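Heads up, the chain shows up twice below as structure tokens, two forms, tagged structure 1 and structure 2.
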Structure 1
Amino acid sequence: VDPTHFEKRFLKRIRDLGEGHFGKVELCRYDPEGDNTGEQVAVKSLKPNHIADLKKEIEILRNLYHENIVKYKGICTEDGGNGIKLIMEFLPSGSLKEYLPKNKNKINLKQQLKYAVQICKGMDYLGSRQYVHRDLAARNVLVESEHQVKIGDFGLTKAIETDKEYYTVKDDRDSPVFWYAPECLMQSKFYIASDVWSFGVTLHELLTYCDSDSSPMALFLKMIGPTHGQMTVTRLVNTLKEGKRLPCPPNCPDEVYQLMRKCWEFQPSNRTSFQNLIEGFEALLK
């Protein structure tokens, strides 16, 4: 037997954890003895050319090993044919989007900066492996415990070619535009520095406890206008070109906001690094 081989007939759905246009994550119990004693797992599946993407995502995740990256558990391959499901460890506390609004009383600035350092460690590790994540947002950071977070979704993660600085994306319709660097929005180019920009926005969310009224979308739509439709991205690009950025969160020290601003230099080459962010946060935590 293979413990990474999950048979479809024993993989039983409990409830939804979250879903996109073309993908979804469900809580499942893998219960081969059939007495409701099997382990709970998170299962990512496609909604009935994304199979290739999911298989590549699986091969990425399976080979990533870091305490701040969600753990691969296995796959469920379709008896029928081509289809596949990604099986991951289940973290009950959920993403920062779910967790932070509920745990405001026990999560102070110190712990927010420690989560920020953990995200940076996971991202630095990913970068060293020549991956660009392309979807770094609070909603994709899972809470392991009060003291530990994990990057929990790799659906858009792409490999940077050796001796190149960016990946160019063709399929870009389901893009988190309000987390995206100018080069991504303008030219569909994705550097490691593009993930740093995304980290800055993620840091803003963390600092605002993922409050919906203070979310990146809500704040950018307040700047540009909420009912521009298909012109939203171009107006966003224009607002970024002018130099406008998300404002300092309430109760955020200027030192922290300056580190955030260092993620948001218009030019990718002018932005800070994940290691320089860690150093900056660690200085504030000492």
Structure 2
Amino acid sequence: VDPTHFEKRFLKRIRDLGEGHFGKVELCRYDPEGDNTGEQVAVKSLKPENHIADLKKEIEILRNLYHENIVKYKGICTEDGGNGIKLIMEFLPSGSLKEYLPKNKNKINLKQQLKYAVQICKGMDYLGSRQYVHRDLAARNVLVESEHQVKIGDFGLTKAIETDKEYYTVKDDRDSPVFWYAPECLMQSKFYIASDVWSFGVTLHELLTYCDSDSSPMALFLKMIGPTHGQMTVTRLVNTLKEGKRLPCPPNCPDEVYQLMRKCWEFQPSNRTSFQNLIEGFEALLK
């Protein structure tokens, strides 16, 4: 036995938590002593037949990340007689913003929403400093530890930008969240830190609408471009963005917050605000 990894036989399965790109997430108690004093952990495994190499890249990323607003890497579980691996993380009981916010409209106010925005921007600024682009920043990937704390909670599409380079070129865009993507990503498959800033703008929009499904980026953008274009969808998205159309101001979102959102949605990546600038922008609105 390796005591530095998690033993499969002791990751006692409790509950399904959610499904990712290359893995599913389940709640387990790691209880190697057998006395139920072990902690609950979240465990990301490969789905029944997307690949092991992909999950291994996510493990490599998450080992390399340590931030208050990034889901905490705990370890790995290696599988016998096979290339199998599992990713072990801390358990964040309230799940994603996407499920949490609709249940807590009356509890979470604008000020708390702005604090989440700051926490997300801090996670992301850290992420960028490590030279990663997230490529999947949406409220469904922001996990809630508690009313007062959120963490970026999945890294399945995350890529490293080479030192001295400004973007990573994606060769495999097969499940990109196109309604969260900046024009350069849609048009050229180039992903800059400024591309994550764009996606944050969209994540912010979700937050302010409490992740109401009827006001989701997809639901709103499909209203602008028509729903039945299939393979022409991204073309129509690009057309609309070139025209300078953006998601509208959530109702009850103040203009000064909306103006920060808009700074994330400049067409040219270089014209967009930084995450550090967002952090300071939001903090100036917090008393």
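Here, rigid core means the biggest group of C-alpha atoms that superpose within 1.5 Å across both forms. Numbers follow structure 1, counted from its first residue as 1.
- When both forms sit on the same rigid core, the CA shifts between the two structures reach 2 angstroms or more only at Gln40 out of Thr239, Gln258, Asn251, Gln40.
- With the core held fixed, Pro268 shows a CA shift below 2 Å between the two structures.
- Once you line up the core between the two structures, the Cα of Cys28 ends up 2 Å or more from where it was.
- A displacement of less than 2 angstroms separates the C-alpha positions of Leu277 between the two structures, with the rigid core held in common.
- Look at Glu183: with the core superposed, its C-alpha moves 0.2 Å between the two structures.
- Core superposition gives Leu11 a CA displacement of 2.9 Å between the two structures.
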